[PDB]
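Residue-level structure breakdown
Listed below are the residues making up each chain.
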Amino acid sequence: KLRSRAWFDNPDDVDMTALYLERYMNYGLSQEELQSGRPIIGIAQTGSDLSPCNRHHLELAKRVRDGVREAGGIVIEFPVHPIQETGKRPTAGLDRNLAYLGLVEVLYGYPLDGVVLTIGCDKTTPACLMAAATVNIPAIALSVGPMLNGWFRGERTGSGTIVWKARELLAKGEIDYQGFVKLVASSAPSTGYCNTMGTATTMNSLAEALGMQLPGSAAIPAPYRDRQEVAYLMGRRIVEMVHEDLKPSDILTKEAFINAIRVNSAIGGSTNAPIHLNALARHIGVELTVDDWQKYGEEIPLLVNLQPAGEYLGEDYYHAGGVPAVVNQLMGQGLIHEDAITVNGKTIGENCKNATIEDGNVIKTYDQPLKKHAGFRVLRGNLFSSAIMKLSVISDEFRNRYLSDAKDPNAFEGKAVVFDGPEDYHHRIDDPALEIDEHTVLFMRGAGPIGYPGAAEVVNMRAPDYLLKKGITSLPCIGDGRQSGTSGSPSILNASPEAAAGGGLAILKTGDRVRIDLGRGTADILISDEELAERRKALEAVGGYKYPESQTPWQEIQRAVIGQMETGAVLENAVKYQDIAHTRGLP
Amino acid sequence: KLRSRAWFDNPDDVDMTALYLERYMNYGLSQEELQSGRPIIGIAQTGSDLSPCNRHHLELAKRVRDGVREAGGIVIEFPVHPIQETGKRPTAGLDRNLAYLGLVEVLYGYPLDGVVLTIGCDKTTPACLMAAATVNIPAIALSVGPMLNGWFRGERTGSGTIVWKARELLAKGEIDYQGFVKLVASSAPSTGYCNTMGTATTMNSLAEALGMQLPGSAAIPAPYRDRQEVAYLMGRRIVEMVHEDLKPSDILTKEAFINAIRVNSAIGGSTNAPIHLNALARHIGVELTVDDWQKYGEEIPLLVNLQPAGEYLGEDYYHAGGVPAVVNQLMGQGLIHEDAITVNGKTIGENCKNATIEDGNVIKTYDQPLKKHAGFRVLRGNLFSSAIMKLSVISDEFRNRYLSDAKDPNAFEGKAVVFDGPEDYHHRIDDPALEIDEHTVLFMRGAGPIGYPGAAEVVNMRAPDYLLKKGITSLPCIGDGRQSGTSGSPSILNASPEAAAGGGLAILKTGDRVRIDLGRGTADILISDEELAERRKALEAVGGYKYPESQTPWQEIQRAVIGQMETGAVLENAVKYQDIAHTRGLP
Amino acid sequence: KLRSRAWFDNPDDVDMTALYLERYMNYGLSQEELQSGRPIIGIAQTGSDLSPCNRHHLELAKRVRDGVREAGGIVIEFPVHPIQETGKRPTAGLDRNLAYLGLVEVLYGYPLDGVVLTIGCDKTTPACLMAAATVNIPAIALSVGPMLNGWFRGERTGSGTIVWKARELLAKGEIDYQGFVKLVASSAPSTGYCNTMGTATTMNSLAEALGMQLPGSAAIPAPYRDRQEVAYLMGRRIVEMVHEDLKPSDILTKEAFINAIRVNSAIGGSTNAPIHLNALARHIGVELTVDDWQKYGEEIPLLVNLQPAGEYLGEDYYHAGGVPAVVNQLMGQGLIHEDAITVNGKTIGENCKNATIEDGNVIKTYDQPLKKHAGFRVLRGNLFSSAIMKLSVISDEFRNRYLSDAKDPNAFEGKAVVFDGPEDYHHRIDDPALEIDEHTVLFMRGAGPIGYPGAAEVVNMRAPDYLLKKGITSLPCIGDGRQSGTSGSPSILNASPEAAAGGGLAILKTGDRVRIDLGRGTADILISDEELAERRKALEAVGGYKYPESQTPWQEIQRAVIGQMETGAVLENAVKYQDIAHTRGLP
Ligand SMILES: [Cl-]
Ligand SMILES: [Cl-]
Ligand SMILES: [Cl-]
Ligand SMILES: [Cl-]
Ligand SMILES: [Cl-]
Ligand SMILES: [Cl-]
Ligand SMILES: [Cl-]
Ligand SMILES: [Cl-]
Ligand SMILES: [Zn+2]
Ligand SMILES: [Zn+2]
Ligand SMILES: [Zn+2]
């Protein structure tokens, strides 16, 4: 019944059994350990020098080993392909699908009965969970946790968030280029990932909300001894999960994805969460669209008072009660599917029914929330088939300026300024010839999965310095790229199809009038449908949208099969491989 | 001039520089270390629990770190995707190209000025060297080394080789199925890779002969303290190589490949060496064909008395003088390109001019060799466009039986028995209905890069047990797969194109007369050219050669671009990416 | 000039040089590394499973190694004998002198040119510094740092301090015996030592004030990446200190001890600091008495607002500016000997001249201090030749009750209740027959270096529960033992000579009137000098003071040479060994 026995204890094939035993005993494992029906537990290790965010997982694996051994298993630790958001060029999103490919190969083709997935930095959570979904042997995820709180002259400084606030304090002469480095260094005072509500905190929280972590695990800061005890408890549990055959497909049900969509809104989750969870849904065989994110999550209020939306940081999120406290608030409104089973063998409802808010400054009750209507809205129209807007970081300046007109409520119109990539933007934003005022919507195209190739976090553009000196902070930002989860920009992201894939962004000229109507969920460049096909005819004639040639073999290989962000930016030909450890391997 | 400064010390982009610094300082590296022009040295780490052969590299990296620090560099250790020959299913050759892809992405897209490649198990050497070739920043390779000698009742037992000798001592009732495990376990008495002249010993020796290791490094057994001192010396040297900009393209010249072809013959190298070095040649932009292997290497004699061809093991190879002693014997005949520069900054001729044979039982002089004419012969004909034959392991039983006829010298004819994969063979070999005698040539088809998908080491087939009980040991083996380097079978391997790619093997019927003529280098099934196209017409009509559907996304992705073993079984669309760290990234 | 060459590079003795080289090369060190005049740097490692407080030093040593290698040295890491305050029975003070003995043997008898001392838990700081003082090769100390702040329902909880507050919240029915464990576990949320102003924080701060750490090093919490960068900087510096021959005797001058006495008062240092620094003074050959502590430190105000005296914890102490900020406040009053050289090669005055208070809630200015007159007073009389009183934790309840009488200001009298050890006290304190009221001074005898043997932290006795239920919290505590540095008890400690050494405590009967006069610095049992010798005659006649027989060989060996706490509780025959690396070895 244990698939590892086909390698280490196969009486029908004496020759090959002796071959695997010989190699896997050369650092002291005994024949009896490998031939006594003990679960072989992989640790999918994401920590290294090259991934500082996840590096503490090298130490946490020691506690995992204690739990596995004690429970009767054997650990085989092995590496996941490196991903690092602050490091990989041109973009670390290029590499989520590559790490997925390799991890599928290890889980499928080696004698592993179960796996501990070490998650942390932005894309390691989906890469690990996607591969676990495809192979579908029992799997449990362990967050490494955020860095400790940053401290600067008595105030909390958040990683990532302090950058966008210092990039406006530097571009206004109020901060030099040397003290800019000190204010940023203060925000990374320990090991762990981003300590704001960035993509990493989002995805690790959602991994718990999905049922893939022990309750309370996601929020624990990396240097806390609580993280080390949880690592041990997961080592014990994954062995029992093997005996129970508790698989990702048993846990990652539609109602688990619904719980995660609603927790995402309540915690202020990143605009990257729909990309990664739609990816995961497809790889486990559950249907989940961008429209589901609006349907289940748009009207959920924001409860977690964390930067960039709020004031506090990861340590405070943990002390306040973390994911269980958030789930418990949603349970009080009947907005949690409480019977969804989780890795610890209990339902999310049983795990969270007694979770209280332990700090009311950091986590708000549902009825007195931090902000209402904090989910995602999907915008459609001639600009793109889908894009989403981060409603949780709309400020009162943005609300009072743009969303306050009696002629057209919850809607605005303005002039469009288009940049073709982040380099084009960084060379034209401060250019006074552009005449960027209070009625301008900046566009960023060519930054999607195929165009960049990435996709890259380049949409949260800053206003020109002649507008930031007058007092205009945030401006409408729309693009076919992404943004950092730590961004407090209420941008219109993830436009699908991208420009390089025939999206309407490809034919937008700077100076065209555009109308973003959040009420009717539309996003159109105000032009003729006749002139629309004329711009597209001239495009196909002069060769399609222009974007850089591939620079590596993987760039080229991935560009030929990758789909759009709307559906997870997955390798499209990989999705047919379902439950491959048990369906012999699938089409 | 150091490419790492674009990440850690880029005054034009203050924002992003602060971002990389923040993350890479969170385990204690100082700003000064990262912003003082110090070479950033990657360690491409191949050791893990999942790769027992290479696992000691986790410990060797400590000595590498000492050398890099002392020389003024900074180490960033990161993982290579796991490959393990005794472990990966269905074949570890499926994963050489996947590890290549990921390592290209790390070297190209991270702030690395140079890299230490940790090599060992069969495919880690080419995977690491291929990726280093594509990116072409300074790189040095470190072998982990073989396991210690096996000992069984006073005799040396070799890993891999003891299996083929116990698989014939078990299939003849002279060894049970429990004592079979003990005789094999004795051959793996420490950490390290195979201690015979297998693929790992071959490829690690060739890496030194190519100029990519310090002289004397390849042969050192893994547990020897000499291995730890060499690791430190390489850490020092890679930093100097960065200052000198000594690149793989400077070292991997045509004449380096010629030196390796000739060292391969002298050491008894594996039939997998042409696949991996033709791959490496293409990835560095040097021309190298299977015909070059015959042209430069066929007539070189066998000098190393190691199992499977000979008697001794890896420790003895090291004590006898290792690669330098072999090179020095070839230098005495003027058969080494002595001016080829190597990683230590000296030519291979200067490194080896004083290397002596220290044990004459283990390494023979050129003039009194162990065997003559020990290289590869290329066979062509209607069976395949190319295949090679391992001349160094032809026994006197094989020579006296097959290669001793006055009607046709150095040639034989016989009946063909075809198996479609290793499973078909293991179900028909002992079948008495086959009537396999002294005039039978067994064929193995469907085992190539696309068919298996692998390719897999399945050609060294054993004779039926009714022939092994009479006294017939080795039989002619021909196929479109590979064999283990530890095999003493003089097989005809690496047939290109494979059956699944339209090779002549696809239309061979069991019972057809075949003629292998080593004199004229031909290999034909004795049939009509008219009937040849008829069998092929019926094939294309009934759908092509049959082989398993892909089981994973990577299997499918790789099958669409992988080429044939004749030209390295590389990803064909990857070869256009040349010197991509300096040519901006290449087409 | 490097003493390590007598081992590794001694041309006069070829035989023995080859012997040491052979052994120390067996894990890969080269002959050239050991025979090229490179400083051999020991790391005196105090971390282990058995010493949780110091265990992170096992990880910090990696950064130390980077700095030593980079600077041109070689690291030899070796262990210090385990000491652990929360762990060793019957007392961890028994083992400070044993760790000292062993570390002297390593530094003196091995080829070490310099040493990094890893300090942390209470007694590792003096044990390491004492041994470094005796041998006197260049030495630098590295604190591991405190644990992170404890958090319980929105409030800071300190390790050790939360115990004394929960031992009074448990002994009053307001806390059960299970929730008692949770409130204490919250105070230890990471690796590191006690996060209050306990003995560890005291001694590590004083090690910096003495000049034995890089400026700013003492206060850094253990999990902060700042700790890892400082570890690296010390590895670099110790190599330069070897070239400069900057020795403990150059740094630990009388004026360094004066700086530490005054910093001790300003930070609220533990009553154990005089024991350990008088020990260190004697081992380096500087004169320092308990009277010096009063003379130089009594009138210094308390500036650090840390538990137990104040509100904050170790992280806040670091953010506020740590030791340099405290030194800078004392410099502003001319109370620092600013020209005392420190390990980094600069004077303490140059290192601290620009150190500012960064959080005014945590560190107070000298002129608006937290409390005045916060040092130690020495009490003498017929009870003991010396004892000290912790003036920084005298509460207003203690001040208003006891130190507020017009008949005798700053003085009190009361009834004496004597317990013979902690076991006797724990069996009699709550006994209602004792009738303990507002005019009772509790005594603890038999707890000194010889009696316990310890000495043990047993003097901070709690009031009976019938007094704690009425409202009487703190009572006068006097004894020949110690107390925890985390104690907010204004006790009279360290009585010398102890009862078991003939101190006046040995003849004190319960019920005797005693008069503690802090004004005249006297402490007498109000009895006749005639009756005093009568009680002592009856003692010597009936055999001396009673105390347990030795339980281990070390207990017995130490009892025969150990002196009293007044003079450091050192091995008295060890003090004559001065500068033994250079004076051939001393008498
Ligand atoms: Cl690993
Ligand atoms: Cl905090
Ligand atoms: Cl619902
Ligand atoms: Cl690694
Ligand atoms: Cl041997
Ligand atoms: Cl030649
Ligand atoms: Cl140690
Ligand atoms: Cl003074
Ligand atoms: Zn990250
Ligand atoms: Zn191997
Ligand atoms: Zn301690």
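Cut-offs applied
Residues numbered from 1 in each chain as written, not as in the entry; some residues may be left out. Chains lettered and ligands numbered in written order. Part of a larger assembly, values for the part shown. Heavy atoms only, no water. Residues with missing side-chain atoms left out of burial classes, pairs and counts. UniProt positions renumbered as here; feature names shortened; annotations may be inferred. Helix = DSSP H or I, 4+ residues; strand = E, 2+ residues; numbered from the N terminus. Rg over C-alpha atoms; globule rule 2.2 N^0.38 Å. Contact = heavy atoms within 4.5 Å. Least-squares fit on C-alpha atoms. Donors = N, O, S within 2.8 Å, 3.2 Å for Na, K, Ca; no water. Salt bridge = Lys/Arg side-chain N within 4 Å of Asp/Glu carboxyl O. Nonpolar A, V, L, I, M, F, W, Y, C, P; charged D, E, K, R; others polar. Pairing = 2+ DSSP bridges. Buried < 20%, exposed > 50% of the residue type's maximum accessible area, 1.4 Å probe, protein only. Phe/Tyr/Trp six-rings, centres within 6.5 Å; stacked < 30°, edge-to-face > 60°. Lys NZ or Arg CZ within 6 Å of the ring centre and 35° of its normal. Polar contact = N/O pair within 3.5 Å; in protein donor to acceptor, adjacent residues only side chain to side chain.

The record names X-ray crystallography as the way this model was obtained, at a resolution of 2.30 Å.

The PDB entry annotates chain A as Galactonate dehydratase originating from Brucella abortus. For chain A, the Sequence similarities (unreviewed entry) comment in UniProt is given as "Belongs to the IlvD/Edd family."

On to the overall build of chain A, then. For chain A, the count of helices and strands is 22 helices and 14 strands. Computed over C-alpha atoms, the radius of gyration of chain A comes to 24 Å, within 12% of the 25 Å expected from 2.2 N^0.38 for 587 residues, which places it in the range of a compact globule. Structurally, chain A occupies a C-alpha span of about 75 × 55 × 50 Å along its principal axes. A sequence separation of at least 24 residues applies to 77% of the contacts in chain A between residues at least 6 apart.

A separate point is the relation of the copies chain A and chain B. One copy of the chain maps onto the second through a rotation about an axis and a displacement along it. Rotating chain A by 180° and translating it 0.0 Å along the rotation axis places it on chain B, where the RMSD comes to 0.0 Å. Here the copies are linked by what is in effect a two-fold axis. A share of 100% of interface residues in chain A that are also interface residues in chain B marks the association as one of identical surfaces.

The next subject is the coordination of the zinc ion (ligand 10). Around the zinc ion (ligand 10), the protein contributes the donor atoms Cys53 of chain B (SG) and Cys121 of chain B (SG), at 2.3 Å from the metal centre. In this pair, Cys53 of chain B is assigned in the loop between strand 1 (40–45) and helix 4 (57–71) and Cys121 of chain B in the loop between strand 3 (114–119) and helix 6 (124–135), connecting sequence segments 68 residues apart.

A separate point is the interface of chain C and chain A. Each partner contributes to the interface: chain C provides 13 residues, whereas chain A provides 13 residues. One can count zero salt bridges joining chain C with chain A. When the residues that make up the side of chain C that touches chain A are grouped by side-chain class, the tally is six nonpolar, two polar and five charged.

All names here are of chain A. Sheet analysis places strand 9 (residues 411–420) next to strand 10 (residues 440–445), joined by six bridges and oriented parallel. Bridging across to strand 10, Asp420 finds its partner in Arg445. Where strand 10 meets strand 11 (residues 477–479), three bridges bridge the pair, whose relative direction is parallel. Considered in strand 11, the bridge of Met444 is made with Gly479.

Residue and element names in this part refer to chain A. Within strand 12 (residues 492–496), five of the five residues are buried, which leaves it mostly tucked inside the rest of the structure. Pairing between strand 8 (residues 386–390) and strand 12: three bridges, direction antiparallel. Each residue of the ladder has a partner; that of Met389, found in strand 12, is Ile492.

Scanning the model with the defined rule gives 18 aromatic pairs over all chains in all. Relative to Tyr24 of chain A, the ring of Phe8 of chain A lies with its centre 5.6 Å away and its plane at 75°, an arrangement referred to as edge-to-face. Residue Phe8 of chain A is found in helix 1 (residues 5–8), and its partner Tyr24 of chain A is found in helix 2 (residues 14–24); the two are separated by 16 residues along the sequence. The exposure class assigned to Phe8 of chain A is buried, which follows from its relative accessible area of 4%. Its relative accessible area of 2% is what places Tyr24 of chain A among the buried residues. On the numbers, 5.9 Å between centres and 40° between planes, the contact of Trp293 of chain C with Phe376 of chain C is tilted. Of this pair, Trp293 of chain C sits in helix 14 (residues 290–297) while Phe376 of chain C sits in strand 7 (residues 376–379); the two residues are 83 residues apart in sequence, bridging distant segments of the chain. For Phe376 of chain C, a relative accessible area of 3% puts it in the buried group. An aromatic cluster of three or more residues is present, and its members are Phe398, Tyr402 and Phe412 of chain A. In this structure, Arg55 of chain A is placed above the aromatic ring of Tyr27 of chain B, and the distance from its NZ or CZ to the ring centre is 3.7 Å.

Now for the interface of chain A and chain B. By convention, interface size is frequently given as the accessible area that disappears when the constituent parts associate. Across the contact, 77 residues belong to chain A and 77 residues belong to chain B. Among the elements of the structure, helix 2, strand 2 (74–79), helix 5 (96–109), helix 7 (161–170), helix 8 (179–185) and helix 22 (553–559) of chain A are those that each provide at least two residues to the side of chain A that touches chain B. In terms of residue class, the side of chain A that touches chain B is built from 42 nonpolar, 20 polar and 15 charged.

Residue and element names in this part refer to chain A. UniProt marks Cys53, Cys121 and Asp122 with the feature "binding site: Zn(2+)" (unreviewed entry), using the numbering shown here. In terms of the greatest pairwise C-alpha distance, the residues named above, spread along 70 residues, form a tight cluster of at most 9.2 Å across. Overall, the relative accessible area of 2% leaves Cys121 in the buried class. Within the secondary structure layout, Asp122 lies in the loop between strand 3 (114–119) and helix 6 (124–135). The class for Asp122 is buried, based on a relative accessible area of 12%. With near-sequence residues (within four places) excluded, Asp122 lies in contact with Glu85, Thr199, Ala200, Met203 and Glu457.

Attention shifts here to the relation of the copies chain C and chain A. The two copies are related by a screw motion: chain C maps onto chain A through a turn of 180° and a shift of 0.0 Å along the axis, at an RMSD of 0.0 Å. Both copies contact each other with a shared surface, as 100% of the interface residues of chain C are interface residues in chain A too.

Moving on to the side chain of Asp408 of chain A. All names here are of chain A. Mapped onto the fold, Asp408 is located in the loop between helix 18 (396–402) and strand 9. For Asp408, a relative accessible area of 17% translates into the label buried. Of the polar contacts made by the side chain of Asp408, one reaches the side chain of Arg515; its length is 2.9 Å.

Once that is clear, we can look at helix 9 (residues 199–209) of chain B. Most of helix 9 of chain B is tucked away, with 11 of its 11 residues classed as buried. Those residues of helix 9 of chain B lying buried are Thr199, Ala200, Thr201, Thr202, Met203, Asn204, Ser205, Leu206, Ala207, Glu208 and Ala209 of chain B.

Let us look at unusual backbone geometry. That bond from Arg89 of chain B to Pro90 of chain B is cis: its omega, 0°, falls within 30 degrees of zero. Tracing the chain through its elements places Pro90 of chain B in the loop between strand 2 (74–79) and helix 5 (96–109). Its identity as a non-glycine residue notwithstanding, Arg153 of chain A has a phi of 50°, on the positive side. Within the secondary structure, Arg153 of chain A is located in the loop between strand 5 (150–152) and strand 6 (155–157). For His373 of chain C, which is not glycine, the phi dihedral falls at a positive 55°. Note on placement: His373 of chain C falls in the loop between helix 17 (348–352) and strand 7.

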